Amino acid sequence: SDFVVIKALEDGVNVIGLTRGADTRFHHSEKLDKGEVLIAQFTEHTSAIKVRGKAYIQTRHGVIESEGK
């Protein structure tokens, strides 16, 4: 299973997991403060991940940055 690396570039960045299955909703929100790193998998319960705030992102396809505000 693939994972995504997320480095928070400011306080209060949110890594949100959406539910796998016929229903789509947020099941969890992980708050990252500046400089913190989260390495997060796709799992049985999480089939999509949303990032809100300024962060540097690595995936198998390369780097992308989310932008706050």
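Throughout, we count residues from 1 along the sequence that is shown.
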**Request:** Ordered by C-alpha B-factor within the chain, which third holds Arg20? Give me lowest, middle or highest, please.
**Result:** middle
**Request:** Rank-wise, by C-alpha B-factor, drop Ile64 into the lowest, middle or highest third of its chain.
**Result:** lowest
**Asked** Taking the entry's C-alpha B-factors for this chain, is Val4 in the lowest, middle or highest third?
**Response** highest
**Message:** Taking only the Cα B-factors deposited for this chain, tell me whether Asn14 sits in the lowest, middle or highest third.
**Reply:** highest
